[PDB]
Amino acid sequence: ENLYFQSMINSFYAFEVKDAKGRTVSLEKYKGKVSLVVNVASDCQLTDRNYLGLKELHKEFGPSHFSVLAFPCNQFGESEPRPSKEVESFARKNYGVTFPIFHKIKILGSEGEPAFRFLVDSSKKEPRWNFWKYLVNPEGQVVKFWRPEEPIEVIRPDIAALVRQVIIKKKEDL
């Protein structure tokens, strides 16, 4: 390598992504928050349990110190066939979630969304289905991942522990 060019991209929150309406949004707005980043889908065996679980986590720990950041993707069993604006309304209509549902992305292949590839390259784990989960710390570093089969009961303790530290730091540091 060259030392000069090592570690050029260090934070998930450095990226721009499209929102569900197609507008460019910077993830810098989530800087200082804990984020659970998840690839989602509407037409999947796992859809219901995941939207319900993610809603519960966001309600408990969000929105000041924590967010769920949801990225729809159609690459896993073609489980997100509808347009991005419909996916967002699906989630809001059926679950009443208030966490962000971004534009549909690609994750696998040459055209993989750079922000999500950051998660993959950091964790060394590429999703193999809908609803893989990545924990991003206040500094934008990926510190943990979960496979879709892991229940909320084994995700919540890491979120609680990280959110606790954020709350203390916001209080104590200027």
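Numbers for residues come from their place in the sequence shown, where the first is 1.
Compared with the other modelled residues of the chain, the Cα B-factor recorded for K55 ranks in the middle third.
Per-chain ranking of the deposited C-alpha B factor places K29 in the highest third. Annotation for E149: CA B-factor lies in the highest third of the chain's modelled residues. Sort the chain's modelled residues by C-alpha temperature factor and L3 lands in the lowest third, per the entry. When the modelled residues of the chain are ordered by C-alpha B-factor, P127 sits in the lowest third.
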